[PDB]
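Starting off, we have a lone chain in the form deposited in one PDB entry, written out as structure tokens.
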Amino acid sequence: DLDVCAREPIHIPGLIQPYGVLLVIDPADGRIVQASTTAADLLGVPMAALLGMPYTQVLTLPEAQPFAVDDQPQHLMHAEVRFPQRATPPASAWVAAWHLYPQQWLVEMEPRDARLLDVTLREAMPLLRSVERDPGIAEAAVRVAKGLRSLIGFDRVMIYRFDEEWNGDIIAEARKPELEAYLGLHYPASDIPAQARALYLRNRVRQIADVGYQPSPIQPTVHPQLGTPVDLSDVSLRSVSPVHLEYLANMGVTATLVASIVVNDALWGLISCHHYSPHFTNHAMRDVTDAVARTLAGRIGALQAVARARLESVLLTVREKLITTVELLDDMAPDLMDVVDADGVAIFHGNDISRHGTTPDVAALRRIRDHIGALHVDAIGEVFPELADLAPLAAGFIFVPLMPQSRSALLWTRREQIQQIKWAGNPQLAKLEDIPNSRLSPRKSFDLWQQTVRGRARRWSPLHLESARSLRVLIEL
């Protein structure tokens, strides 16, 4: 636990959420080799009798039928399923999705609905058509948060943006006014382990119908003929870590819905819904949620392309203007904070400094210059702690000396991460409090992040690094 949990095999818990049923089927004979404890009361045949039974004898599949797959798996959408054995039919109608692998067929089934009416795309359409014509990622993120809360009735809807090192920042939130506010909160990467993110990208939408469900074990835990656990990696019924259930129980959240914000086949952030009352999200709502997640991800990517095209163009102007210095570079200094975005820029001439953005004094910058293709840092004190007192304003730099002839040089800076916290947007954030007797909480998470990012810049160092360094190579003129 705690450090061991960071590498938990969450894809193979041999447990599922009891709102559903899972059967593991042998593609050859078609026999149910393994099944959830839940399979007995639904299919109406005892668990022992059910194991080794050809799936044909226990469930009628009107719409889609399973088939032998050769290489890559095929995942069939949730379709009508009926149970030929059971005397009295179930309360609600059931639906079934197949996960076809070469060695196994995994059938997962859950109720079509909670005796409830589905949201339609037709209903989601004004949201989708609007979240695509919104200027800026922020503005669209908040439209999604509100729209989704109203569309799929939820107590809280939160939009997260992951950073370079996988730390999360709640950028949008829409909630009950009687509820609190987590807008502006930043949590560390460790809060969502590498596999937890993986499985969020893989399944497009993850649900926890009731925190504090009594797990349904898969019996036998491992395949009788293959001896392996069940890879619930594609199974939405997959049980949740006792560590996330601990976490959510502390907040009183009793049901979640997490959709992926996938941009350029990468997990950009997450659309996360939180209910304080149990809430099963049927397949139809899940799909509509994914339709929303995709439209928001589609728009943030479109804006990201627009920004990237601008960054290449500002660089295109800088290189064509260097064909015609120091002040020649100083005039294009706000633009120099775009090609390689940064809080501030501080050109050096020899002792004369010129700060243009959010940069520390003039005395401070000189101290940095005298300490030092082109050197860069993420923590101004890890390389030398004599400059650790000026980690705010400049915690991360890119010192690119032009030549040893002229004492001319460039220094890009980025403020301490804790400075760029949107406290204005949600004043609750500072006066926020911990959960009484808990080892995991949102308030406790903010502080853990603060620790792992104290004295650390806003990460940076991507394509900006060599694009910045190119200018040193460009000095040969």
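Definition used throughout: the rigid core is the maximal C-alpha set that superposes within 1.5 Å between two forms. One-based numbering along the sequence shown.
One more form of this protein, deposited in another entry, exists but is not displayed; see below.
When the two forms are superposed on their rigid core between this form and the one not shown, the C-alpha shift of 2 Å or more among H349, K146, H75, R82 belongs solely to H349. After superposition on the rigid core, the Cα atom of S408 is displaced by 2 Å or more between this form and the one not shown.
Once the rigid core is used as the reference frame, the Cα position of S272 differs between this form and the one not shown by less than 2 Å. Relative to the superposed rigid core, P360 undergoes a CA displacement of at least 2 Å between this form and the one not shown. Between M332 and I137, the Cα spacing is larger in that other deposited form than in the shown form, differing by no less than 3 Å. Wider separation of the C-alpha atoms of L303 and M332, by 3 angstroms or more, is seen in that other deposited form than in the present form.
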